[PDB]
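Please read the structure below before turning to the comments.
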Amino acid sequence: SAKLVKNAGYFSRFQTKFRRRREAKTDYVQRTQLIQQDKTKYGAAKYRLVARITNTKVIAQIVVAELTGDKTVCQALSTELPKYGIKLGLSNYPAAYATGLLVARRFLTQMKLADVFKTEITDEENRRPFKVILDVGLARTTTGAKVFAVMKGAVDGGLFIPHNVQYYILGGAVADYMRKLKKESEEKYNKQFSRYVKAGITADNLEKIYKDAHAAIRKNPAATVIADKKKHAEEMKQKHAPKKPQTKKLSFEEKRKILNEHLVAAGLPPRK
Amino acid sequence: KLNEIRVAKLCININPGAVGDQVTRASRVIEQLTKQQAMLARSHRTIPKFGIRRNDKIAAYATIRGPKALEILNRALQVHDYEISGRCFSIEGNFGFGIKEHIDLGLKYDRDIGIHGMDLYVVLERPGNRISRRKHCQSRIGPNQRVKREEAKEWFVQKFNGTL
Amino acid sequence: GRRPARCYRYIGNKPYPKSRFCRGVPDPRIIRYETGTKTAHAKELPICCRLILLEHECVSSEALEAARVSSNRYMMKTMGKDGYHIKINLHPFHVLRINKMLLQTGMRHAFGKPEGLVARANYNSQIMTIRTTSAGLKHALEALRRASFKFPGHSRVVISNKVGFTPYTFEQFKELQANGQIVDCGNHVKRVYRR
Amino acid sequence: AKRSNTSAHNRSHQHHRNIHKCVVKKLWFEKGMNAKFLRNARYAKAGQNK
Amino acid sequence: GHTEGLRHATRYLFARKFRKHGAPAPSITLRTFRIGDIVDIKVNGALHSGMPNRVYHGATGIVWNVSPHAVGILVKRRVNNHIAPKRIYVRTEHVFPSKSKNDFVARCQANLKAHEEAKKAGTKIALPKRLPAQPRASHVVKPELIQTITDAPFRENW
RNA sequence: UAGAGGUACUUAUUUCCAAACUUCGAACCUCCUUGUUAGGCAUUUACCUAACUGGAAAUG
RNA sequence: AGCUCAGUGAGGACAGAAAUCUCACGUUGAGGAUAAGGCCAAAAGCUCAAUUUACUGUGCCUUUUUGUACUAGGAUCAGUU
RNA sequence: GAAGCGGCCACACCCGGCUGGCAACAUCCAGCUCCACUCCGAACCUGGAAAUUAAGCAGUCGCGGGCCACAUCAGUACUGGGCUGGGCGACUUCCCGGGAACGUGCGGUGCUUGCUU
């Protein structure tokens, strides 16, 4: 029947990958060259804009590495965008750009440098801008990707991200794809844009809403200053507690009870 | 609903036998049938017996997905009257079968191209075989979603009204 | 032919096996290490009878085949290929060497070609066994007396307490069998660890 | 013809007659080190005395 | 056939322990060094750019230069008669912060804790110092388990 | 080395081994530290940092 | 930048111990110009694409100082691609 | 409790069962532009949201394989000093010091850094 791969000799020999390599979330060859700084700069922070896109949410952060672990300085998240205007389509391309503006303008209002670095930057006797690097992650770096949508939001927000590079931006290409289903197929418009009809925003409105989204983000960027954080964290456990409790651990006494009742069927008790 | 078996794909390949303009003709046999421009297989070894070099075009092959793969099996199994052997099925519940006498599937006007025989092979899977394929959060599927051999035979009788 | 084995008794180098590096090696005199009723049991042949070596030295392959043939032919004569089981618990892996000599270039490029296989013993290494029934324990001791004159140095013949070739005393064997912890392989005893 | 190749019998004896600890003059070694660091370390000293 | 190569007689030096193959964690690159710091050189076998020599494995030194990826380390090899100094350059992935001084620095701060707090109450100070392990005071011992060890009669057990 | 269990191989075993085998691993060795250590203050820099009433280094 | 190899297991017209195709397991045993030993898995392997840093100039370090060199390698500075 | 970001990198891995989805993660649905398949919207990419916890994920169970921990194993193996000790020799008592491994027995099977609803 051929060789059994996976003996004791296999599993004893087997080195594991780290953890977030196993869970398959970080490339550690990226990360080790994202973090590194020259030893002549010593203990100096350099910031990195994380911008990972799940389904529904576009997440965007600014991170400093430390030996204990990474530390977010400021965060923004596309489920906040209902407050500023954008009710639906929270992983659009224009939704990804809108989070880019939030991460910029919140970070600069925390550091108290809002009057400086208003527009994009594009050189002496002038204050140098924030170096913030892009962490993409395992998402593939192709042109017109939603990772670089978050980048363009951060650059137009304020921050000097280095790169080499207004359609797709105020709701175009969404708005054209509405018209192709609306005009021809009609059945498919009900499938594809169910929620949109429900509001209903319509094809034309996408251009209008985003501009006033970019107005309101630039005016009132920071939000939800909650304290203390401990009593906030306690309320979330009660608020989001499964109705059905998770199975809990059997103690060492009641395990040996159940072991023996199985062993009574096949004989030779009791022990372990 | 998400324990439904479906056809994931139907991978054709055609090896004519022997080298030359039989291979580029066998591409046109695939291209008109499948509606897809065919990938050309290269060899890995010189074997003088069968008439093969190390680096040369042996075969053509192509990978069909969606409604198109389900359509061809309906015409292809109608050659054998919806009948194949029980020992066709592999341990994952994937099966295949031969169609010599090309044109059966397959209707066409031969002139420049010859007739060339067919290696069809089907891949039955559940919904969530995304997770093995993907990059971000790659992992293994469960024991439950893995298709057994004996469940795959029950699908074949249910789907095509077939017999073994 | 051969050297006298007083040449190659004591151990004056590191061990030197048949490998990639040794190359030009003749195969040993031993092929069979084990004779008699090989397919038997722990329970069928409980009584055991060992030959222990009382020296740290080399044992030749030629000695070990002389000891097998003298053992078999006595046990064949008495009881007649039924009860007994003979085993040899040395395997010759160490390769000897010669400078040859046989005008001449002696002591220059002294390293020499391999001559024969050998086994490196250790003080109280058993170099033979006979497993048998209580009827022919008498015959087993008289066999290993004759086999001891084949070997270099001096060497004690001992009736073991433990069953078969298993590491279990007769007192322990009944307790484990009764407990049901131990089990029987085709030959020898396989323990049950309850895991 | 064939005499001895080497020995270390009484290497130890000779070494211990005197293993003197050779002390370093200063920890900086300005032939090495970064020039960009030492360049600035000059302009620290030059600016101070004025 | 004795050879004087660079990486010679290092079969087991530059081996990678066991289940510690691969590149190191990116926490290692985030660490920092200074001039004057005591550091021990032990090698990553994987990372081949900017190794030390075989000889300065397991060898303490002091940092004198620091440079974008690498640290100039001063280490005292024993030559023939005399202990020479050796100016190494070596990368940070073969270099760790040594805990030679951490016994000494613990005591100095523990002494200042004692020397101040004696004056705070004040009162009057007893002077602590290190001392080798010393012979014991007299004292009295009641046990209530006393075995009686004897040599048994010898039996072979084979 | 020599049997048993599976469909010559193979799953567990067993007799007995390696200077150019290692999943463990001593003894004997080897190297570093053990008096000044914690700070605070403000000058210098064309260097570092987004920024200086910071960092880095040397002068007090 | 993307992908994973050697191999084993089952399958698949002609198809055979070996042609091309498919799924599954696969800690690296393959491969990395060659000796032998290390080292390596979203790579240092294989594939595709664009390229010339296989570049210019002075000190410094290690092998090696009980003997300083050349060879080879290493960390920089000053350029430029 | 869930999610992005991580630290030590199997007490976390690997096989197989069972119990959960308010939001969240995900499967999933569709293919027009950005761009993607040396063929294929499978992947990658973009735009969704109908119905599900079947899978991933989370928690948990197994006289599970492995991994980790303690105790035995054992004052055994080996070993640093010392003898006008023994022994034809090979090797080895003893005196002053240090001291394993495999195996077996019992236990365990991830602990939380900073931000968010």
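Simple scheme: letters A, B, ... for chains in structure tokens order, numbers from 1 for residues in each chain, numbers from 1 for ligands in the order shown.
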Using only C-alpha atoms (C1' of nucleotides), find which residues of chain B lie within 7 Å of chain H and jot them down as a short mmCIF file (atom, residue, chain, number, x, y, z; two decimals) with N, CA, C and O atoms, in the first residue's frame.
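Contents of iface35.cif, freshly written:
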data_model
loop_
_atom_site.label_atom_id
_atom_site.label_comp_id
_atom_site.auth_asym_id
_atom_site.auth_seq_id
_atom_site.Cartn_x
_atom_site.Cartn_y
_atom_site.Cartn_z
N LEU B 2 -25.49 24.68 -0.13
CA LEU B 2 -24.02 24.67 -0.17
C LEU B 2 -23.42 23.32 0.27
O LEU B 2 -22.26 23.27 0.69
N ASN B 3 -24.20 22.25 0.19
CA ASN B 3 -23.67 20.89 0.00
C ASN B 3 -23.92 20.32 -1.41
O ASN B 3 -23.75 19.12 -1.63
N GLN B 36 -12.24 28.58 -27.21
CA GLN B 36 -11.12 28.97 -26.34
C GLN B 36 -9.79 28.57 -26.98
O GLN B 36 -9.61 27.41 -27.36
N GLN B 37 -8.86 29.52 -27.08
CA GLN B 37 -7.59 29.30 -27.77
C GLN B 37 -6.66 28.44 -26.92
O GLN B 37 -6.40 28.76 -25.76
N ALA B 38 -6.15 27.35 -27.50
CA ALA B 38 -5.67 26.20 -26.74
C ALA B 38 -4.22 26.39 -26.28
O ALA B 38 -3.39 26.91 -27.04
N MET B 39 -3.93 25.95 -25.06
CA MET B 39 -2.57 25.93 -24.53
C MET B 39 -1.80 24.73 -25.08
O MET B 39 -2.34 23.63 -25.15
N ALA B 62 -6.95 22.38 -22.81
CA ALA B 62 -7.77 23.55 -22.49
C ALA B 62 -8.78 23.24 -21.39
O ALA B 62 -9.25 22.11 -21.26
N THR B 63 -9.13 24.28 -20.63
CA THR B 63 -9.83 24.14 -19.36
C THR B 63 -11.13 24.95 -19.44
O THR B 63 -11.09 26.17 -19.63
N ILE B 64 -12.26 24.26 -19.29
CA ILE B 64 -13.58 24.84 -19.56
C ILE B 64 -14.34 24.93 -18.24
O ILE B 64 -14.37 23.97 -17.47
N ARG B 65 -14.96 26.09 -18.00
CA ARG B 65 -15.70 26.36 -16.76
C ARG B 65 -17.09 26.89 -17.06
O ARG B 65 -17.38 27.35 -18.17
N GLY B 128 -17.20 25.60 -1.47
CA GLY B 128 -16.07 26.30 -0.85
C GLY B 128 -14.72 25.64 -1.04
O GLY B 128 -14.03 25.35 -0.07
N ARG B 133 -7.46 27.40 -3.14
CA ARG B 133 -6.96 28.14 -4.31
C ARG B 133 -6.37 29.51 -3.96
O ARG B 133 -5.36 29.92 -4.54
N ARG B 134 -7.01 30.22 -3.02
CA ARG B 134 -6.75 31.66 -2.81
C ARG B 134 -5.41 31.94 -2.13
O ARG B 134 -4.78 31.04 -1.58
N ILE B 141 -9.74 22.73 3.22
CA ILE B 141 -11.18 22.47 3.39
C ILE B 141 -11.45 21.34 4.38
O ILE B 141 -10.55 20.57 4.72
N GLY B 142 -12.71 21.24 4.83
CA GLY B 142 -13.11 20.24 5.82
C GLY B 142 -13.20 18.83 5.26
O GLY B 142 -13.18 18.65 4.04
N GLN B 145 -16.86 18.75 3.21
CA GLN B 145 -16.89 19.31 1.85
C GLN B 145 -16.11 18.47 0.83
O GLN B 145 -16.38 18.55 -0.36
#
### Message
as a ChimeraX atom specification, please: every residue in segment 66-135 of chain C that a backbone DSSP assignment puts in alpha helix (DSSP H).
### Response
/C:66-78
Written file, previous selection with C-alpha atoms, as an mmCIF file, in the first residue's frame:
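The result, stored in selection-v3.cif:
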data_model
loop_
_atom_site.group_PDB
_atom_site.id
_atom_site.type_symbol
_atom_site.label_atom_id
_atom_site.label_comp_id
_atom_site.auth_asym_id
_atom_site.auth_seq_id
_atom_site.Cartn_x
_atom_site.Cartn_y
_atom_site.Cartn_z
ATOM 1 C CA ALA C 66 32.756 -22.215 13.327
ATOM 2 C CA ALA C 67 30.603 -21.717 16.463
ATOM 3 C CA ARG C 68 27.291 -22.027 14.543
ATOM 4 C CA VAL C 69 28.259 -25.267 12.763
ATOM 5 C CA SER C 70 29.537 -26.925 15.974
ATOM 6 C CA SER C 71 26.345 -25.792 17.779
ATOM 7 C CA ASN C 72 23.923 -27.082 15.099
ATOM 8 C CA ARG C 73 25.597 -30.458 14.592
ATOM 9 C CA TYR C 74 25.455 -31.353 18.310
ATOM 10 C CA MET C 75 21.796 -30.272 18.670
ATOM 11 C CA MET C 76 20.927 -32.111 15.425
ATOM 12 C CA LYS C 77 22.576 -35.295 16.779
ATOM 13 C CA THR C 78 20.846 -35.366 20.191
#
### Task
Could you please select, counting only C-alpha atoms, the residues of chain C within 12 Å of chain E and state them as a PyMOL selection string?
chain C and resi 48-52+124-126+157-169
### Query
Within 9 Å of segment 68-77 of chain H, counting only C-alpha atoms (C1' of nucleotides), which residues qualify if same-chain residues fewer than 4 places away don't, as a PyMOL selection string?
chain H and resi 11+99-101+103-109
Generate the output file for the selected residues, N, CA, C and O atoms (P, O5', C5', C4', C3', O3' and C1' of nucleotides), as a PDB file, in the first residue's frame.
ATOM      1  P     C H  11       4.858  24.544  22.197  1.00  0.00           P
ATOM      2  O5'   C H  11       3.860  23.921  23.271  1.00  0.00           O
ATOM      3  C5'   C H  11       3.217  22.652  23.036  1.00  0.00           C
ATOM      4  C4'   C H  11       1.788  22.686  23.527  1.00  0.00           C
ATOM      5  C3'   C H  11       0.912  23.795  22.948  1.00  0.00           C
ATOM      6  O3'   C H  11      -0.407  23.339  22.649  1.00  0.00           O
ATOM      7  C1'   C H  11       0.987  23.979  25.309  1.00  0.00           C
ATOM      8  P     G H  99      27.050  18.164  39.126  1.00  0.00           P
ATOM      9  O5'   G H  99      26.942  16.949  38.096  1.00  0.00           O
ATOM     10  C5'   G H  99      26.825  17.160  36.673  1.00  0.00           C
ATOM     11  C4'   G H  99      26.713  15.843  35.933  1.00  0.00           C
ATOM     12  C3'   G H  99      25.448  15.033  36.171  1.00  0.00           C
ATOM     13  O3'   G H  99      24.346  15.489  35.390  1.00  0.00           O
ATOM     14  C1'   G H  99      27.325  13.604  36.303  1.00  0.00           C
ATOM     15  P     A H 100      22.835  15.228  35.879  1.00  0.00           P
ATOM     16  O5'   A H 100      22.102  14.754  34.546  1.00  0.00           O
ATOM     17  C5'   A H 100      22.417  13.492  33.924  1.00  0.00           C
ATOM     18  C4'   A H 100      22.901  13.709  32.508  1.00  0.00           C
ATOM     19  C3'   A H 100      21.971  13.217  31.399  1.00  0.00           C
ATOM     20  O3'   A H 100      21.011  14.200  31.011  1.00  0.00           O
ATOM     21  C1'   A H 100      24.099  12.262  31.097  1.00  0.00           C
ATOM     22  P     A H 101      19.496  13.774  30.671  1.00  0.00           P
ATOM     23  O5'   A H 101      19.665  12.798  29.424  1.00  0.00           O
ATOM     24  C5'   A H 101      20.093  13.307  28.150  1.00  0.00           C
ATOM     25  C4'   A H 101      20.276  12.185  27.151  1.00  0.00           C
ATOM     26  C3'   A H 101      19.046  11.329  26.860  1.00  0.00           C
ATOM     27  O3'   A H 101      18.227  11.955  25.875  1.00  0.00           O
ATOM     28  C1'   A H 101      20.911   9.927  27.270  1.00  0.00           C
ATOM     29  P     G H 103      12.717   7.832  23.566  1.00  0.00           P
ATOM     30  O5'   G H 103      12.522   6.739  24.711  1.00  0.00           O
ATOM     31  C5'   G H 103      11.997   5.428  24.417  1.00  0.00           C
ATOM     32  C4'   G H 103      12.105   4.511  25.617  1.00  0.00           C
ATOM     33  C3'   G H 103      10.936   4.535  26.589  1.00  0.00           C
ATOM     34  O3'   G H 103       9.849   3.740  26.113  1.00  0.00           O
ATOM     35  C1'   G H 103      12.968   4.617  27.801  1.00  0.00           C
ATOM     36  P     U H 104       8.353   4.335  26.067  1.00  0.00           P
ATOM     37  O5'   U H 104       7.871   4.222  27.580  1.00  0.00           O
ATOM     38  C5'   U H 104       7.686   2.937  28.202  1.00  0.00           C
ATOM     39  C4'   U H 104       7.762   3.051  29.707  1.00  0.00           C
ATOM     40  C3'   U H 104       6.689   3.895  30.373  1.00  0.00           C
ATOM     41  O3'   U H 104       5.459   3.186  30.498  1.00  0.00           O
ATOM     42  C1'   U H 104       8.796   4.441  31.291  1.00  0.00           C
ATOM     43  P     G H 105       4.060   3.969  30.438  1.00  0.00           P
ATOM     44  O5'   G H 105       4.055   4.803  31.795  1.00  0.00           O
ATOM     45  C5'   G H 105       3.797   4.156  33.056  1.00  0.00           C
ATOM     46  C4'   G H 105       4.033   5.107  34.209  1.00  0.00           C
ATOM     47  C3'   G H 105       3.049   6.259  34.343  1.00  0.00           C
ATOM     48  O3'   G H 105       1.837   5.855  34.981  1.00  0.00           O
ATOM     49  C1'   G H 105       5.259   7.062  34.623  1.00  0.00           C
ATOM     50  P     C H 106       0.415   6.105  34.271  1.00  0.00           P
ATOM     51  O5'   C H 106       0.184   7.671  34.459  1.00  0.00           O
ATOM     52  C5'   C H 106      -0.418   8.222  35.652  1.00  0.00           C
ATOM     53  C4'   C H 106       0.317   9.467  36.103  1.00  0.00           C
ATOM     54  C3'   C H 106      -0.327  10.798  35.747  1.00  0.00           C
ATOM     55  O3'   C H 106      -1.425  11.026  36.637  1.00  0.00           O
ATOM     56  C1'   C H 106       2.006  10.882  35.298  1.00  0.00           C
ATOM     57  P     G H 107      -2.072  12.495  36.851  1.00  0.00           P
ATOM     58  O5'   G H 107      -2.868  12.776  35.496  1.00  0.00           O
ATOM     59  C5'   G H 107      -2.249  13.326  34.310  1.00  0.00           C
ATOM     60  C4'   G H 107      -1.839  14.771  34.510  1.00  0.00           C
ATOM     61  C3'   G H 107      -2.313  15.761  33.449  1.00  0.00           C
ATOM     62  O3'   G H 107      -3.577  16.335  33.768  1.00  0.00           O
ATOM     63  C1'   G H 107       0.027  15.922  33.656  1.00  0.00           C
ATOM     64  P     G H 108      -4.540  16.873  32.601  1.00  0.00           P
ATOM     65  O5'   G H 108      -3.660  17.992  31.881  1.00  0.00           O
ATOM     66  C5'   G H 108      -3.638  19.353  32.357  1.00  0.00           C
ATOM     67  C4'   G H 108      -2.730  20.208  31.498  1.00  0.00           C
ATOM     68  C3'   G H 108      -3.240  20.532  30.102  1.00  0.00           C
ATOM     69  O3'   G H 108      -4.134  21.641  30.135  1.00  0.00           O
ATOM     70  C1'   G H 108      -0.959  19.880  30.001  1.00  0.00           C
ATOM     71  P     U H 109      -5.278  21.796  29.021  1.00  0.00           P
ATOM     72  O5'   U H 109      -4.450  21.938  27.668  1.00  0.00           O
ATOM     73  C5'   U H 109      -3.881  23.198  27.263  1.00  0.00           C
ATOM     74  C4'   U H 109      -3.246  23.064  25.900  1.00  0.00           C
ATOM     75  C3'   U H 109      -4.223  23.040  24.724  1.00  0.00           C
ATOM     76  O3'   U H 109      -3.927  24.058  23.766  1.00  0.00           O
ATOM     77  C1'   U H 109      -2.709  21.203  24.604  1.00  0.00           C
TER      78        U H 109
END
Identify every residue of chain A that has at least one atom within 6 Å of any atom of chain H, counting only C-alpha atoms (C1' of nucleotides), and report the result as a short mmCIF file (atom, residue, chain, number, x, y, z; two decimals) with C-alpha atoms, in the first residue's frame.
data_model
loop_
_atom_site.label_atom_id
_atom_site.label_comp_id
_atom_site.auth_asym_id
_atom_site.auth_seq_id
_atom_site.Cartn_x
_atom_site.Cartn_y
_atom_site.Cartn_z
CA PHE A 11 5.82 15.09 12.83
CA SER A 12 8.81 14.99 15.21
CA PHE A 18 5.45 31.23 12.33
CA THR A 68 6.42 44.25 22.31
CA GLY A 69 4.24 44.72 19.21
CA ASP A 70 2.83 47.13 16.63
CA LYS A 71 1.02 50.30 17.78
CA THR A 72 -1.67 52.16 15.82
CA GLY A 144 -6.32 50.83 -10.67
CA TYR A 177 -22.13 50.16 -14.84
CA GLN A 192 -26.74 44.11 -8.90
CA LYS A 237 -18.67 41.89 25.68
CA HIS A 240 -21.90 41.16 21.52
CA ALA A 241 -22.18 38.02 23.59
CA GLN A 246 -19.60 28.30 23.69
CA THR A 247 -18.98 24.81 25.03
CA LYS A 272 -6.08 6.42 32.34
#
#### Entry: Polymer residues at most 10 Å from residue 59 of chain G, only C-alpha atoms (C1' of nucleotides), same-chain spacing of 6 or more positions, as number ranges by chain
D: 31-32; G: 77
### Task
From a DSSP calculation on the backbone, collect every residue of chain B in strand (DSSP E) and output the set as a VMD selection string.
chain B and resid 6 to 14 39 to 42 57 to 64 96 to 99 118 to 125
I'd like a table as a Markdown table: residues in chain B with an atom no more than 8 Å from chain A, each row giving the shortest atom pair and its distance in Å to one decimal, only C-alpha atoms counted, sorted by chain and rising residue number.
| residue | atom | partner | partner_atom | distance |
| --- | --- | --- | --- | --- |
| B:135 | CA | A:138 | CA | 7.3 |
| B:136 | CA | A:24 | CA | 6.1 |
| B:137 | CA | A:24 | CA | 4.7 |
| B:138 | CA | A:24 | CA | 6.0 |
| B:139 | CA | A:23 | CA | 7.6 |
Okay, now the selection with C-alpha atoms, as a compact mmCIF listing (two decimals), in the first residue's frame?
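Output file again35.txt follows:
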# COMPACT_ATOMS: atom_id res chain seq x y z
CA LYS B 135 -3.75 33.67 -1.57
CA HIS B 136 -5.06 35.63 1.43
CA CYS B 137 -6.04 33.35 4.36
CA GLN B 138 -5.20 30.14 2.47
CA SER B 139 -6.13 26.92 4.32
### Summary
re atom CA of residue 106 of chain E and atom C1' of residue 31 of chain F: distance 22.0 Å
### Summary
Correct to one decimal, the distance atom CA of residue 3 of chain E-atom CA of residue 3 of chain D is 22.3 Å
List every residue of chain E that has an atom at most 10 Å from any atom of chain H, and for each one report the closest atom pair and its distance in Å to one decimal, counting only C-alpha atoms (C1' of nucleotides), with rows sorted by chain and then by increasing residue number, as a Markdown table.
| residue | atom | partner | partner_atom | distance |
| --- | --- | --- | --- | --- |
| E:20 | CA | H:9 | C1' | 9.8 |
| E:25 | CA | H:9 | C1' | 8.9 |
| E:27 | CA | H:7 | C1' | 8.3 |
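Using only C-alpha atoms, the chain E residues found within 10 Å of chain D amount to residues 35, 36, 62, 63, 64, 65, 66, 67, 68, 71, 72, 74, 76, 78, 79, 80, 81, 82, 83, 84, 85, 87 and 89 of chain E.
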Take the residues from that selection and put them in a file with N, CA, C and O atoms, as an mmCIF file, in the first residue's frame.
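Everything below was put into part_24.cif:
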data_model
loop_
_atom_site.group_PDB
_atom_site.id
_atom_site.type_symbol
_atom_site.label_atom_id
_atom_site.label_comp_id
_atom_site.auth_asym_id
_atom_site.auth_seq_id
_atom_site.Cartn_x
_atom_site.Cartn_y
_atom_site.Cartn_z
ATOM 1 N N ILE E 35 27.556 53.122 20.828
ATOM 2 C CA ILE E 35 28.998 53.018 21.053
ATOM 3 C C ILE E 35 29.252 52.848 22.552
ATOM 4 O O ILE E 35 28.641 53.539 23.370
ATOM 5 N N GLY E 36 30.152 51.924 22.895
ATOM 6 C CA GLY E 36 30.406 51.539 24.286
ATOM 7 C C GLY E 36 29.657 50.308 24.782
ATOM 8 O O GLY E 36 29.992 49.775 25.841
ATOM 9 N N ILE E 62 33.132 44.921 22.517
ATOM 10 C CA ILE E 62 32.535 46.242 22.725
ATOM 11 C C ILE E 62 32.322 46.920 21.373
ATOM 12 O O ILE E 62 33.181 46.851 20.497
ATOM 13 N N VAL E 63 31.179 47.585 21.226
ATOM 14 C CA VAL E 63 30.846 48.328 20.008
ATOM 15 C C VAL E 63 31.632 49.638 19.971
ATOM 16 O O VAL E 63 31.672 50.361 20.969
ATOM 17 N N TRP E 64 32.242 49.935 18.823
ATOM 18 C CA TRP E 64 32.980 51.197 18.625
ATOM 19 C C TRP E 64 32.484 52.035 17.436
ATOM 20 O O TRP E 64 32.433 53.262 17.534
ATOM 21 N N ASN E 65 32.139 51.380 16.328
ATOM 22 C CA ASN E 65 31.402 52.003 15.225
ATOM 23 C C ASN E 65 29.980 51.453 15.161
ATOM 24 O O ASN E 65 29.727 50.316 15.565
ATOM 25 N N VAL E 66 29.064 52.269 14.648
ATOM 26 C CA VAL E 66 27.762 51.795 14.185
ATOM 27 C C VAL E 66 27.444 52.381 12.805
ATOM 28 O O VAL E 66 27.695 53.558 12.542
ATOM 29 N N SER E 67 26.890 51.536 11.940
ATOM 30 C CA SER E 67 26.788 51.788 10.501
ATOM 31 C C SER E 67 25.460 51.188 10.006
ATOM 32 O O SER E 67 24.879 50.357 10.707
ATOM 33 N N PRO E 68 24.969 51.601 8.815
ATOM 34 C CA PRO E 68 23.546 51.405 8.474
ATOM 35 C C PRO E 68 22.947 50.014 8.763
ATOM 36 O O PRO E 68 21.813 49.937 9.237
ATOM 37 N N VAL E 71 27.746 46.667 12.724
ATOM 38 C CA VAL E 71 28.302 47.209 13.958
ATOM 39 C C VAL E 71 29.779 46.830 14.030
ATOM 40 O O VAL E 71 30.119 45.648 13.975
ATOM 41 N N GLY E 72 30.644 47.837 14.143
ATOM 42 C CA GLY E 72 32.064 47.621 14.407
ATOM 43 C C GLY E 72 32.318 47.198 15.845
ATOM 44 O O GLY E 72 32.046 47.968 16.766
ATOM 45 N N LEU E 74 34.917 45.587 18.837
ATOM 46 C CA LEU E 74 36.285 45.407 19.321
ATOM 47 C C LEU E 74 36.335 44.186 20.230
ATOM 48 O O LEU E 74 35.657 44.153 21.258
ATOM 49 N N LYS E 76 38.906 40.872 21.904
ATOM 50 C CA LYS E 76 40.268 40.553 22.334
ATOM 51 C C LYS E 76 40.583 39.077 22.094
ATOM 52 O O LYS E 76 40.364 38.233 22.964
ATOM 53 N N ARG E 78 43.259 36.079 21.806
ATOM 54 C CA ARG E 78 44.583 35.672 22.285
ATOM 55 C C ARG E 78 45.453 35.163 21.132
ATOM 56 O O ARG E 78 45.252 34.055 20.631
ATOM 57 N N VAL E 79 46.411 35.989 20.721
ATOM 58 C CA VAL E 79 47.545 35.561 19.893
ATOM 59 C C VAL E 79 48.562 34.791 20.751
ATOM 60 O O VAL E 79 48.596 34.956 21.971
ATOM 61 N N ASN E 80 49.353 33.935 20.098
ATOM 62 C CA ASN E 80 50.602 33.348 20.636
ATOM 63 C C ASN E 80 51.014 33.757 22.059
ATOM 64 O O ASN E 80 50.699 33.051 23.017
ATOM 65 N N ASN E 81 51.703 34.889 22.188
ATOM 66 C CA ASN E 81 52.160 35.381 23.488
ATOM 67 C C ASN E 81 51.092 36.243 24.148
ATOM 68 O O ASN E 81 50.767 36.039 25.311
ATOM 69 N N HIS E 82 50.533 37.176 23.379
ATOM 70 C CA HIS E 82 49.872 38.372 23.909
ATOM 71 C C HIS E 82 48.422 38.442 23.434
ATOM 72 O O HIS E 82 48.065 37.834 22.428
ATOM 73 N N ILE E 83 47.598 39.189 24.165
ATOM 74 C CA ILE E 83 46.187 39.386 23.816
ATOM 75 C C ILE E 83 46.047 40.635 22.937
ATOM 76 O O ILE E 83 46.017 41.760 23.441
ATOM 77 N N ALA E 84 45.966 40.419 21.623
ATOM 78 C CA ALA E 84 45.767 41.501 20.656
ATOM 79 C C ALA E 84 44.319 42.000 20.694
ATOM 80 O O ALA E 84 43.419 41.223 21.017
ATOM 81 N N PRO E 85 44.089 43.288 20.360
ATOM 82 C CA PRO E 85 42.750 43.746 19.964
ATOM 83 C C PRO E 85 42.475 43.530 18.477
ATOM 84 O O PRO E 85 43.395 43.624 17.662
ATOM 85 N N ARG E 87 39.655 44.740 15.462
ATOM 86 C CA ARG E 87 38.526 45.549 15.015
ATOM 87 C C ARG E 87 37.726 44.759 13.980
ATOM 88 O O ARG E 87 38.125 44.662 12.823
ATOM 89 N N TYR E 89 34.241 44.334 11.719
ATOM 90 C CA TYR E 89 32.908 44.748 11.266
ATOM 91 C C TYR E 89 32.028 43.516 11.112
ATOM 92 O O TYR E 89 32.489 42.482 10.623
#
For the contact check between chain E and chain F, emit one row per residue of chain E within 7 Å, containing the shortest atom pair and the distance in Å rounded to one decimal, counting only C-alpha atoms (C1' of nucleotides), chain then rising number order, as CSV.
residue,atom,partner,partner_atom,distance
E:59,CA,F:31,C1',6.0
E:60,CA,F:32,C1',5.5
E:100,CA,F:33,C1',4.8
E:101,CA,F:33,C1',5.1
E:104,CA,F:34,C1',5.9
E:108,CA,F:37,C1',5.7
### Task
Between atom CA of residue 145 of chain C and atom CA of residue 133 of chain C, measure the distance and give it in Å to one decimal.
18.3 Å
